[PDB]
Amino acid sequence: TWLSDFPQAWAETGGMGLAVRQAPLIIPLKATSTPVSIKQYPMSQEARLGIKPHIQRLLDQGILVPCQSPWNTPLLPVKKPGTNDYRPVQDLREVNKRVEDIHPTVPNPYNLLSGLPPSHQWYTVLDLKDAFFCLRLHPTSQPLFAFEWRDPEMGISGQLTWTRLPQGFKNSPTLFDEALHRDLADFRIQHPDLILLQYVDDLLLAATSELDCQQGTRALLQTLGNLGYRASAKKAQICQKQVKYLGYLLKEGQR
């Protein structure tokens, strides 16, 4: 009953996440950057209708908010299969080039997995849902990520922007990985015996026994839920001696 025991840790039961211990992020620009406002390419009604429900949901969640900004980047509808289920994709390349580079601290998967000893053969794999959206953006940095949104001829006058760390932003993966490492530093200290690998939003908990893995998992879920992160109950792989993690199949200490 892992689901019922931890209502707050699961995206299915605890609502959209919010990393409450992390200060809103300020995104430093390069020394010479100036705002760039790129025109929105005309979108078909079919693409707009497909994207609308996603935008409205983000506005209701407060992840998107109206704004007037000197910055603007294009929104691109990306049809997964076909004329159905669209998803908004922002082209942030002109913003990415104006933001100051940070050192990439996310380890490559091969090196991260080198830290998995054979003694720990019981695994748990959690996938954090909408991880980036759990981190707030400082209000000074929100205008950077603005885009245009039009109910064809009326309604939201023009631009929207993000109040949370956005997809397509070049530093999101690193900033998220660093924030979650800060938030789980204690957990690691209270559980010296457990192994925890973090790859941005993909976590792997490794234990020596099935009980340890069960007690460790309970504690990890409890901590993540309290911190404001949410895991995907659907994808979770709990206390198994065989799991899929970062494209590998973990078993017998192999791969």
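Take the two forms, find the largest set of C-alpha atoms that superpose within 1.5 Å, and that set is the rigid core. Numbering starts at 1 and runs along the sequence shown.
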Farther-lying stretch by C-alpha RMS in 9 other deposited structures of this protein, rigid core as reference, of 197-205 and 41-49: 41-49
Please indicate which stretch deviates more in 9 other deposited structures of this protein: 134-142 or 106-114, judged by C-alpha RMS distance after a core superposition? 106-114
Absent coordinates for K170 in a third or more of other compared entries: no
Missing-residue flag, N84, threshold a third of other entries: yes
Avg C-alpha B-factor, entry values, 225-233 vs 187-195, higher side is 187-195
Regarding 114-122 and 68-76, which shows the higher C-alpha temperature factor on average in the entry? 114-122
Just the C-alpha B-factor column, please: which of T163, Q167, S157, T105 has the biggest number? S157
By its CA B factor, does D130 count among the lowest, middle or highest third of the modelled residues in the chain? middle
Would you mind ranking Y86 by its C-alpha B-factor against the rest of the chain and naming the third, lowest, middle or highest? highest
When the deposited Cα B-factors of this chain's modelled residues are ordered and cut into thirds, is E148 in the lowest, the middle or the highest one? middle
Compare the C-alpha B factor of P24 with those of the other modelled residues in its chain, then answer lowest, middle or highest third. lowest
Going by the entry, which third of its chain does the Cα temperature factor of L211 land in? highest
